[PDB]
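What follows is one structure encoded as structure tokens, with my remarks underneath.
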Amino acid sequence: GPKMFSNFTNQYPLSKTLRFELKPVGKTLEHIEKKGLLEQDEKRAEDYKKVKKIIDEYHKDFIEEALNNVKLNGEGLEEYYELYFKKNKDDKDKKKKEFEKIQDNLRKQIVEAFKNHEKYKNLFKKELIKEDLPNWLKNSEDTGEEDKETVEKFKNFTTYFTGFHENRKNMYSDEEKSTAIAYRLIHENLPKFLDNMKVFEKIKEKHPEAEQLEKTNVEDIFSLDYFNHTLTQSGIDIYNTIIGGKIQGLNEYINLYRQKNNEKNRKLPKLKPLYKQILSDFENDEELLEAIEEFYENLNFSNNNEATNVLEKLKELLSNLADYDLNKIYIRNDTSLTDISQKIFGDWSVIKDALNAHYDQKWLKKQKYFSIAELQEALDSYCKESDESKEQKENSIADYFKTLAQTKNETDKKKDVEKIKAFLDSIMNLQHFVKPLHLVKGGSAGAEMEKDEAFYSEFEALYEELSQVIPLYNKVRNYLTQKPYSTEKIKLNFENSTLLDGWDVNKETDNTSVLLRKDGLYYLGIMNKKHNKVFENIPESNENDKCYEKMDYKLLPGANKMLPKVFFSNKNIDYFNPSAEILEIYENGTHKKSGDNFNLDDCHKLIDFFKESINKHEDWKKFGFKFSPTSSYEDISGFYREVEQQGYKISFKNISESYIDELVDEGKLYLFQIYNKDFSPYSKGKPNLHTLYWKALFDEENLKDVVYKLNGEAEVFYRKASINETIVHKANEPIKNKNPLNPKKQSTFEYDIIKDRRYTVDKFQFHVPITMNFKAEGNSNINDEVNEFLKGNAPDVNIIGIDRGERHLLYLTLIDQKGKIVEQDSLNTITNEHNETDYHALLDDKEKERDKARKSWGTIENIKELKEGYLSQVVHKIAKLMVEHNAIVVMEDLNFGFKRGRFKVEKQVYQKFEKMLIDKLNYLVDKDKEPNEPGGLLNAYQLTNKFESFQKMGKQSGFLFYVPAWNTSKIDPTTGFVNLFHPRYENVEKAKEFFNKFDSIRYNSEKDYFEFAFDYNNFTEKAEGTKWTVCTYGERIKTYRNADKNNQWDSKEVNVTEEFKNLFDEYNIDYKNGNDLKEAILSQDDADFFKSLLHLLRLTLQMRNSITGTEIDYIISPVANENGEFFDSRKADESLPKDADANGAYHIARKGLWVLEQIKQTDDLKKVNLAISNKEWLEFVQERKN
RNA sequence: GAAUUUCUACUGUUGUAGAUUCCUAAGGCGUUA
DNA sequence: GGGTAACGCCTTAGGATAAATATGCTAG
DNA sequence: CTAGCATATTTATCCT
Ligand SMILES: [Mg+2]
Ligand SMILES: [Mg+2]
Ligand SMILES: [Mg+2]
Ligand SMILES: [Mg+2]
Ligand SMILES: [Mg+2]
Ligand SMILES: [Mg+2]
């Protein structure tokens, strides 16, 4: 039943941001436009970006000025150096504790260097933008009045930089966070420095020197006590340019020195550069047409002042190549030779084989440019693999050149993209063809001897005119290829530095924002900053008139900060009058547990004082606080949690509609409507999930016991129109349906349907942060509870396995505790309550669509978005199956245990799918369940730990278990047979030794198949399982090769029994009587027979028989299971996988079953390990009795 | 040639079904012309 | 495969606040 | 000289 997840609700809190659209009401938009609140806020974005860049430059200079004067102790540096070189050993107390201690000491030294500088006192305050930044700009000579004006525009608006200052505070921190300077300089740069030191101390001390030592100080860069110099960005740059790789560097020297096999193999010791210091570093179609016409005129011209037409001049010059001497004409060694071989002979390797077999035999002295005469000589004798005895090549190179020059097509001479693209295609095809004869740069590995003047002198001047296409083609491909709509939105402030930062009643003349509600529609009023007291004094609240519902939001944000601040402030300390004992308790930190002076009595006394002060405070005693007895508090954390949980209430006050209308009309209030398509009068179906969250924020049931909290610091954005031309489906005209399974062929609408209507007009935005499970205990890691429940009670817990199939996008298999399969279904088609969608067909069609439209340069993209919008349906299906069938979910481990390629859902997409399922199961609601029923809106399931990173999650994420997908597809489902063989092919001796360890090779008189009896103990350094009996009945499909004709990736159904019979009979081997075949197979000789026998042996052991063209893909067993029956996926009994992709999901489910058995058996929970091993998995599948 | 806070599949009829945590900052890696 | 940055991913970090306090303006 | 008001800016710092 539902007992499994009934106790896994309300575990830890979550925070999410809901997005809406703001529709201005009445004269809101008119007044917004009149006061120019949109241009101002779009200019503020540019000003904010420029001032942030200026502050970044200021921080750059401060970092360069601070780290320059720091001097590390050095002895601690030597301690870190020796600890880093103490070998692997073990993670004992020393290797970890002293490592962390020295790292923290160095980091704190760097941070102390930061703090000592005078500029650090007011680096994150109003002083920075008021005085320090203008003074710093004035000091700089280059400066600029524009920069000073931009900074001065924020002289009374500094609070707008609070988030940026918080972002920039992370760099000057002690904690080991990636966004820090000390952390970088002690954890990332220094290990690279020591690695460079050790690779130098190895390679240089070896002394096989052939490079320049650069000695004829110098070596001080690599010695110790120099890490102080490379602390700044200038030092890092100096170290990198010394390393190098326009000044010669050590890395360049060593890379050039790795040749002649003296040190070439030792490429790993290559010097890695240090990491960079933190925070340190066409127009239109008319112009394109003009450039195209200019190049056309430059190409053809009008045949004036001699023939300047490059198209025919180059053709004539190439036709004249035969008359020119071939002893001085050079040819490129690049893929142009491959093209020449493919065109002249039809084989792309003839010329290269001639050059590597007849021209010379060492490393061939590889040169960039060969000579035409040498190629002619080589082609005159190329061993004539398969051709006429005498080949009429003549001047084969020149013959091919002139052939492609004129007789190839006789069509070289010639606004729409098609014509321009075809012309460009022909042009750079010709330029690629003529490129081999061009001399690249000068002094390219020698050669470049005295050239043919009469040919090459004209050729070099002719080719430069045609070489202008490459930059032209680059510009064309850069300009022509650039999405229909745009998602750039301007943030709106409404003249308030702190807007929407909080909803509290007291803090509403400062944030100038309220919520209103009427007839189930939620509005948002952002009052003008000039009149911010309009809501302070409501004239009346009579109920006869139609009334809005203004929200009375009250909150106590943080108890640990708010309580001492209010109760221990010079303004209020007299009112509350803390006793001397309480003041001493707070000062000495006795209440805190982190301090060594922890005292339960002091903490309880402070808690009692806080309770009394809260009772005294007028705005806080209205919260209706109800605390536990003070004697039950373990520490101050419990009291703070209680205050935070109970310090939040929402009430709705009634205000006249006429007052709001007058405020909107007069321009004092900007009234929007928080809108969603579920808020429309025509909406009738199930509302969106975020709409349910928003409406539950203010529900009476929710407000009785808060589950949803309205968080402050919201944002209002403005998105401009992005799509000018519209594709509109006119009204009263039938529209063809896009769903083939839909019975209704056409639909008629009495109104227009504009494509992407949300992007053709200006739309406001509203991002509302909300919190789920406000009063949650905080069990962020439910693994201990899930494991305890699974061990205690699991007679009815099923297992679900998800594997990305080769053909099927994703395959699902649900199994019991006994391994019996209940449900098998490929997730390629999702059958929801409506007609099913063939997502496999969609992706299959759209991949072809994208690859064919890429040449057309239509920026369709998609594919990714469809595959990332497909996985949402799969996540919904998985959640439904988990809730309905009481099953855990087991998946592939993509960190350690990932699979190969050639699956539809690649590793990158599968990681995102796993992340999406983890996120969904963090808070899992059903739009159909009751609000209070478990799994409903107010009692949501929480079946997964909060997601932080792919690496942080281990082998268990709550109810999701991760297993290595090693040996999950190519295993028999019935028995546990696995093909662990790695035969390969070698000489006769090793093959004969291999076949010598088979127990018994024989022919079965009955049923007409071979028996290959053996034991796994003879093969590989493993001792597991028992002796198997591999047969020759269940292996059909075989492929010849990977490419080319007469051998290809083409399936050929062949009976291995018949082929084995023919192979044995054709060398007079007798097997009719049924005798053991070990004799007469040791006859040796005829190695090809051994290759054939070994290929059949590999053939008779493959599990997955696949055909590329046809969809059939079946797994068929080579061994029987206690009844002389060989498994076959084709003739399955619905208790075994029906498909070659089903086997992976079934075996992942079985791995999860093994995980469940391990959890149940162990009595040492909260410490047990779940990472399965290959030996244990092999023993599990080969468990004899099931 | 298809409406959406936003995405995907739709017509499920001014919308249907299921995802949907947003803003800012820093760093690392990969394709290539 | 020799010392190129426009895109495309990944990692990490801060926040999702009311109230005390300092400062500018009116008034004197 | 100048008490009071209104606004902008900073601050208060649990424990797992
Ligand atoms: Mg303000
Ligand atoms: Mg709906
Ligand atoms: Mg798999
Ligand atoms: Mg498979
Ligand atoms: Mg929708
Ligand atoms: Mg769409």
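Filter A:413/A:852; A:491/A:677; A:904/A:1052 down to the pairs with a C-alpha to C-alpha distance above 26 Å, please.
As for pairs spanning more than 26 Å Cα to Cα, those are A:413/A:852.
How large is the dipole of segment A:286-480 about the Cα centre if only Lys and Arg carry +1 and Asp and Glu carry -1, each at its Cβ, rounded to the nearest 20 debye?
Roughly 680 debye for segment A:286-480.
Once phi is turned into θ = phi - 60°, what whole-Hz ³J(HN,Hα) does the Karplus curve with 6.51, -1.76 and 1.60 give for every residue of segment A:327-332, x standing for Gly and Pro?
Here the 3J(HN,Hα) series is 6, 10, 7, 9, 9, 6 Hz.
Starting from the Cα-Cα distance between residue A:141 and residue A:120, subtract it from 0.36 nm times their residue separation and give me the gain in nm to one decimal.
5.2 nm
With +1 on each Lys and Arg Cβ and -1 on each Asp and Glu Cβ, how big is the dipole of chain A about its Cα centre, in debye rounded to the nearest 20?
Dipole magnitude for chain A comes out near 1940 debye.
Once you put a point 7 Å from the Cα of residue A:475 and another 7 Å from the Cα of residue A:988, both along the Cβ direction, what distance in nm separates them?
7.1
State, to one decimal in nm, how far the label point of residue A:202 lies from the label point of residue A:745, with both points 7 Å from Cα in the Cβ direction.
Once both label points are built, they end up 7.5 nm from each other.
Rounded to the nearest 0.05, what FRET efficiency do residue A:57 and residue A:1039 have when you use their Cβ-Cβ distance and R0 = 56 Å?
0.35
Just to verify a number: FRET efficiency for residue A:930 and residue A:1123, C-beta to C-beta distance, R0 = 51 Å, to 0.05?
0.50
Would you please give the residues with an amide H less than 5 Å from that of residue A:825, counting only those at least 5 places away or on a separate chain, with H modeled from the backbone geometry?
Answer set, sorted by chain and number: A:812.
Per DSSP H run of at least 4 residues, take -39500 (n - 2.57); add these up for chain A, divide by its residues and hand me the 222 nm value, nearest 500 deg cm²/dmol.
Estimated from H runs of four or more residues: -11500 deg cm²/dmol.
For chain A, compute Rg over Rh where Rg is the Cα radius of gyration and Rh is the Kirkwood radius from the inverse mean 1/r over Cα pairs.
A ratio of 1.00.
For residue A:371, enumerate residues with amide H under 5 Å from its amide H, sequence gap 5+ or separate chain, H modeled in the peptide plane.
Under 5 Å from the amide H of residue A:371 lie the amide H atoms of A:331, each far enough along the sequence or on another chain.
Provide the FRET efficiency to the nearest 0.05 for the residue A:529-residue A:1019 pair, computing r from the beta carbons and using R0 = 56 Å. Intermediate values should be presented prior to the final figure.
On the way: r = 82 Å, r/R0 = 1.46.
Once rounded, the FRET efficiency stands at 0.10.
Kindly write out, for segment A:1136-1147 in residue order, the coupling ³J(HN,Hα) from the Karplus curve 6.51 cos²θ - 1.76 cosθ + 1.60 (θ = phi - 60°), rounded to whole Hz, with x marking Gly and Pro.
Couplings: 9, x, 8, 8, 5, 8, 5, 5, x, 5, 5, 6 Hz.
Starting from the Cα of residue A:574, step 7 Å along the direction of its Cβ; do the same at residue A:1112; then give the gap between the two resulting points in nm.
In this crude label model, residue A:574 to residue A:1112 measures out at 9.6 nm.
Net charge within 14 Å of residue A:660 by Cβ-Cβ distance, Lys/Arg positive one each and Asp/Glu negative one each, not counting residue A:660 itself?
Taking every Cβ under 14 Å from that of residue A:660, the sum is -2.
In segment A:189-257, how does Rg compare with the Kirkwood Rh, expressed as the Rg/Rh ratio over alpha carbon atoms? Please list the in-between numbers first.
On the way: Rg = 12.0 Å, Rh = 12.7 Å.
Rounded to two decimals, Rg/Rh equals 0.94.
Restricting attention to segment A:1032-1085, which trypsin sites (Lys or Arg not before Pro) occupy a DSSP loop and are surrounded by at most 15 other Cβ atoms within 10 Å?
On the way: sites: A:1036, A:1038, A:1041, A:1045, A:1052, A:1061, A:1072, A:1078; in loops: A:1036, A:1038, A:1041, A:1045, A:1052, A:1072, A:1078.
Answer in residue order: A:1041, A:1045, A:1052, A:1072, A:1078.
Within a Cβ distance under 12 Å of residue A:601, other residues only, what is the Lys/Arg minus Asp/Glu net charge?
-2
Which one, A:478, A:1110, A:707, projects farthest toward the positive side of the charge dipole computed for chain A from Cβ point charges (K/R +1, D/E -1)?
Checked the options; the winner is A:707.
Would you mind calculating the gained length between residue A:950 and residue A:1000 on full extension (0.36 nm times residue separation, minus the Cα-Cα distance), in nm to one decimal?
13.1 nm
Where the centroid of each part is defined by its Cα atoms, how far is segment A:15-88 from segment A:850-907 in Å?
That distance is 34 Å.
Tabulate in residue order the Karplus-calculated ³J(HN,Hα) for segment A:11-18, using 6.51 cos²θ - 1.76 cosθ + 1.60 with θ = phi - 60°, rounded to whole Hz; enter x for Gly and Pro.
Coupling constants for segment A:11-18: 9, 9, x, 10, 10, 9, 10, 8 Hz.
Can you pull out the chymotrypsin sites (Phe, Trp or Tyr not before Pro) in segment A:666-704 whose DSSP state is coil and whose Cβ has at most 14 other Cβ atoms within 10 Å?
On the way: sites: A:670, A:672, A:675, A:679, A:682, A:693, A:694, A:698; in loops: A:682, A:698.
The qualifying sites are A:682.
Take residue A:1131, project a point 7 Å from its Cα along the Cβ direction, then tell me which residues of segment A:957-983 have their backbone nitrogen under 19 Å from it.
A:972-975
What residues of segment A:328-356 lie in the reach of a label at residue A:449, counting those whose backbone N is under 18 Å from a point 7 Å from the Cα along Cα→Cβ?
Backbone N within reach: A:328-333.
Bear in mind that the values in this text are calculations on the coordinates, not laboratory data. We place every Cβ from the backbone using ideal geometry, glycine too, and count neighbours over all the protein chains shown.
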